[PDB]
Structure formats: C-alpha cells, structure tokens
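Chemist: model this:
(one chain, ligands or ions: 3)
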Amino acid sequence: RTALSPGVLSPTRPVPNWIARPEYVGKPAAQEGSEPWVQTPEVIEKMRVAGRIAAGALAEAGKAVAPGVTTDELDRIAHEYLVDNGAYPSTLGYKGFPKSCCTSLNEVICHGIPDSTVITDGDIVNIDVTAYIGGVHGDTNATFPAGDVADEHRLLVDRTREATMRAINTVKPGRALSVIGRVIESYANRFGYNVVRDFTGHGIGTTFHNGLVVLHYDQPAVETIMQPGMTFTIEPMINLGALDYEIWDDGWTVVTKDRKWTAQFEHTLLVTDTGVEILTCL
Ligand SMILES: CSSCC[C@H](N)C(=O)O
Ligand SMILES: [Co+2]
Ligand SMILES: [Co+2]
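Modeler: Numbering: from 1, shown residues only. Ligands and ions are numbered 1, 2, ... in the order given. This is the structure:
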C-alpha cells in the first residue's frame, strides 16, 4: 500500500445547541495550562461519566473499521454517539481542529483528520475520541486492524496495547511519574520499537490538556510524584521505524518520515488513594 495523501474533508458536523461547548470553541486558543493537577471529588465523579461515554464512542467507531470504510465515516459514527449521549466532541473546534475525533492510519503518528480516505485491507487505524460533558473531559484512543493485517503490524498493535496497560498498572500515589515512561520504553525497546518523544500524555480535568505532561519515554529528571485525585492520560505512540516526522499543511497530520507504520493506545487515568482507576472503560 502506498504512502497516504490528504483526502477530502466533509462539512462541519452539527451539534445540538443545547450541548454545552467548551470555552475554546471558535477561538484561536484554549484557556488551559494552569489548572490544578489534583481534581475535586465532584470533578472526578463527572470524569467517570465523560470517560464512559468517550469509551462508548470509541468502541462504536472501532466496530465500523473495515476495508472500504472512510475515515470521515468513523468520525460520523463517533460524533453521533457523543451527541446522542449529551457530550460535546472536545476535538471539534479545538484550536481549529475540524472533526470530532482523530483518525490515524498506518504511517500517521497522530492527529489525522477524518476524510474521504478509504481504508484498505491490511491497514491499521487509530481512532482518538474525547468527550466533554458536565464541564469535564474524558480522553481515549485505540488502534484497530482492517481486514488482513501483516503479522509485523498485529504485533505492533498488540505490543503498544500491552505497553499502555503495563504503564497503567504502575500508577499509584507516592510513586514517581517518570515510572510510566520507563516502563513503556523498556517494553518497546525489548521488541525493537521506538517511542515517540515529542508527543506526550497530559493532565485532563475541566480542561483538555491542563499543563501536566506525561512522558512515554525514560526521563528520570522529572520529579513529579503521583498524588490521589490526579487525573491524566497515558497515550504512547510506538514506531516501527525512525522517530523523524513531518506535519501536513493542514497543520495537524503527523506522519513518519520513513513512512513506516506506527500505533497508539490511550486511557484517562485517576490516581486513587492506593492505586489507579481507568476512567475510560465501557
Ligand atoms: C486535535 S485534538 S488534541 C489531541 C487529541 C487527543 N484526544 C489527545 O489529546 O489525546
Ligand atoms: Co490525550
Ligand atoms: Co486522545
């Protein structure tokens, strides 16, 4: 299959006007970056509802992954599940992003835009979906195989999933945050993969990316200690080839320079009083 090129973007999907928009919608920037890392009990409970709903939207768009389907079509299914459940799609109008999820085929690392692109047999596609409901966000993504995927690509997907889950199972209060990126990177390196450094996980709460940064590679200079009530994502991008990338002129789509494929999984995590809870399960 040849290297991807930009497809054609369908017009802005509407969302019912009664659904509250995040503040950043239709503005050039978002007011985020300086919010508290530890959330209130109320915000946490609200994030469980946002997380469930984004998990539902993700599993529904993933069902439609099949040779012949377009990315635009995955967006539509995800959009429709968020809206039917009262959530705003956080990606929509975030810094000018035009769709309700990111769709990231094969050599696209992240931030791909749903479009006329038709999925072909053997492809892998990441769907990344975020829900905003009750003044809070819930963020989750996953890579789905399309028909008959080559063994090297199934293993990549399976091992990216496993890295992500291993990292999550280390989350506990009083443990250093740098532990996550140690675990992910050892695991990736074990099988010859390379972890994307330039994109990271993030704190998330009443804002989308609240200023907390979770590195997916080994960086022990970070002194952040996990505390009960902290909410963040773990979202590692793992490459078969080299880490160098380019961005499309749409300004969002990141693609591996060598055009080798790449995969990603994401959950939204709560640090509990003794451990972790995954907020983006069905
Ligand atoms: C184009 S919206 S910013 C990246 C999308 C994703 N939901 C994330 O931040 O994990
Ligand atoms: Co995220
Ligand atoms: Co995401």
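Chemist: Please give the number of neighbouring residues around the nearest residue to residue 23 once chain neighbours are set aside.
Modeler: Leaving out its chain neighbours, the residue that sits closest to residue 23 by Cβ to Cβ, 6 or more residues apart in numbering is residue 31, at 5.9 Å. Every C-beta, even on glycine, is put in place using the N, C-alpha and C of the backbone. If you count neighbours by other Cβ atoms under 10 Å, residue 31 ends up with 11.
Chemist: and residue 31, helix, strand or coil?
Modeler: coil (DSSP: H, G, I helix; E, B strand; the rest coil).
Chemist: for it, what are its contacts?
Modeler: Counting by Cβ atoms under 8 Å, 6 or more residues apart in numbering, residue 31 touches 23-24, 207.
Chemist: Next, give phi and psi for it.
Modeler: Residue 31 adopts backbone torsions of phi -80, psi 90, taken as degrees, to the nearest 10.
Chemist: neighbouring contacts of the one helix or strand residue 104 maps to?
Modeler: In this assignment (DSSP states H and E), residue 104 forms part of strand 102-105. Strand 102-105 is contacted by residues 4, 71, 74-75, 91, 110-115, 117, 119, 123-128, 141, 143, 252, 264 when judged by Cβ under 8 Å, 6+ apart.
Chemist: Please name every helix or strand in contact with the next helix or strand after it.
Modeler: Going down the chain from strand 102-105, the next helix or strand is strand 108-110, by DSSP H and E. In terms of contacts (3 or more Cβ pairs under 8 Å, 6 or more residues apart in numbering; DSSP states H and E), strand 108-110 is packed against strand 123-133, strand 237-239, strand 254-256, strand 262-264.
Chemist: Neighbouring strands - and their directions - for the second one?
Modeler: Strand pairing for strand 237-239, using DSSP bridges, gives strand 194-195 (antiparallel), strand 262-264 (antiparallel).
Chemist: right, and the ones you listed - which one's nearest ligand 2?
Modeler: strand 262-264 (9.7 Å; Cβ to the ion).
Chemist: ok so, going back, so which of the helices and strands packed on strand 108-110 is nearest residue 246?
Modeler: For residue 246, the closest of these is strand 254-256, at 5.6 Å, according to Cβ to Cβ.
Chemist: what about the closest one and ligand 1, any contact?
Modeler: No. Strand 254-256 lies out of reach of ligand 1 by Cβ under 6 Å from any ligand atom, never closer than 10.5 Å.
Chemist: which secondary structure elements does that strand contact?
Modeler: Where contact means 3+ Cβ pairs under 8 Å, 6+ apart, strand 254-256 is packed against strand 108-110, strand 245-247.
Chemist: Any chance of CSV for those, columns mean neighbour count?
Modeler: Formatted as CSV, the helices and strands packed on strand 254-256 follow (neighbours: other Cβ atoms under 10 Å):
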stretch, mean neighbour count
strand 108-110, 24
strand 245-247, 14
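Chemist: In stretch 225-235, which residues are buried?
Modeler: 226, 229-235 (16 or more other Cβ atoms under 10 Å).
Chemist: cool, stretch 238-254 as well?
Modeler: Buried residues in stretch 238-254 (16+ other Cβ under 10 Å): 238-240, 243, 245, 248, 252-254.
Chemist: so which of the contacts of residue 31 is the most crowded?
Modeler: residue 207 (21 neighbours).
Chemist: Please name the residues that touch it.
Modeler: 30-33, 35, 137.
Chemist: List the buried residues in stretch 24-42.
Modeler: Quick answer for stretch 24-42 (16+ other Cβ under 10 Å): 24, 30, 32, 35, 37, 39.
Chemist: Might one say that the first one is in contact with residue 91?
Modeler: Read that as residue 24. No. Residue 24 lies out of contact with residue 91 (Cβ atoms under 8 Å); the separation is 10.8 Å.
Chemist: related to what we said a few turns ago, out of the contacts of strand 102-105, who's near ligand 1?
Modeler: Applying Cβ under 6 Å from any ligand atom to the contacts of strand 102-105, those adjacent to ligand 1 are 91, 111, 128.
Chemist: State the distance from the second one to ligand 3.
Modeler: The spacing between residue 111 and ligand 3, counted by Cβ to the ion, to the nearest Å, is 10 Å.
Chemist: Please report how far the spatially closest residue to that residue that is not a sequence neighbour lies from residue 9.
Modeler: Residue nearest to residue 111 in three dimensions, not counting chain neighbours: residue 252, with 4.5 Å by Cβ to Cβ, 6+ apart. Distance, residue 252 to residue 9, by Cβ to Cβ, to the nearest Å: 11 Å.
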